Amino acid sequence: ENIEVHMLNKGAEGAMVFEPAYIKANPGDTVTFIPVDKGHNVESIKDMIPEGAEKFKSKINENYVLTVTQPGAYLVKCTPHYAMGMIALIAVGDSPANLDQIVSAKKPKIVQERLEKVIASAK
Ligand SMILES: [Zn+2]
């Protein structure tokens, strides 16, 4: 099953956002990132995707279809806007085993606030 995510200059959480910023998925699902506004892409954050998952980085302004297979948590960023908090969390399966690690990892303050928000909303 496919989940669509919009890449935006501005949205509900402020500037430089993925909508949704939390994607709940199962193995074999696709997540389709749509460049509604220009200037955006999607890239896996290093040491913030599951064991066995392949890193990725899409082309700026490209419609990108990510297939997620490995269970666990994936923190993805918009490469230019990571420092402005432009991130999404993908959770594949229940109780993603690497979520607490990702939460504890070094990352921009604004990214952290946004990440904690979607985790709390998902509970
Ligand atoms: Zn961006």
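Cut-offs and rules
- Residues numbered from 1 in each chain as written, not as in the entry; some residues may be left out.
- Heavy atoms only, no water.
- Donors = N, O, S within 2.8 Å, 3.2 Å for Na, K, Ca; no water.
- Pairing = 2+ DSSP bridges.
- Helix = DSSP H or I, 4+ residues; strand = E, 2+ residues; numbered from the N terminus.
- Contact = heavy atoms within 4.5 Å.
- Axes fitted to C-alpha atoms, helices over the stretch in contact; angles between N-to-C directions.
- UniProt positions renumbered as here; feature names shortened; annotations may be inferred.

As recorded in the entry header, the structure was determined using X-ray crystallography to a resolution of 1.60 Å.

Enquirer: I'd love a proper account of the coordination of the zinc ion, names of residues and values included.
Expert: When a metal holds four donors in a tetrahedron, each ideal angle between them is 109.5 degrees; when it holds six in an octahedron, the ideal angles are 90 or 180 degrees. For the zinc ion, the full set of protein donor atoms is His40 (ND1), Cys78 (SG), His81 (ND1) and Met86 (SD), at a range of 2.0 to 2.6 Å. Considered as a linear motif, the donors of the zinc ion on their single chain read H-x37-C-x2-H-x4-M.

Enquirer: Which residues make up the sheet that holds strand β3 (residues 22–25), and what values go with them?
Expert: With respect to topology, 4 strands assemble into an open sheet ordered β3-β8-β7-β5, the strand pairing being mixed. Whereas interior strands pair on both sides, the edge strands pair on one side only; in this sheet they are β3 and β5 (43–44). Strands in contact with helix α2 (residues 109–122) are β3, β7 (72–77) and β8 (87–92); relative to β8, the strand with the most contacts, it is inclined by about 40°.

Enquirer: How would you sum up the UniProt feature "binding site: Cu cation" in the protein? Please name residues and give values.
Expert: The UniProt entry lists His40, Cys78, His81 and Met86 under the feature "binding site: Cu cation", expressed in the numbering used here. The greatest C-alpha distance among the annotated residues, which extend across 47 residues, is 9.2 Å, indicating that they converge on a single site. Within the secondary structure, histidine 40 sits in the loop between β4 (29–34) and β5. Setting aside residues up to four positions removed in sequence, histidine 40 forms contacts with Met7, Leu8, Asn9, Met16, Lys59, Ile60, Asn61, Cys78, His81 and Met86. With residues near it in sequence (within four places) discarded, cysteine 78 still touches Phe18, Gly39, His40, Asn41 and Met86.

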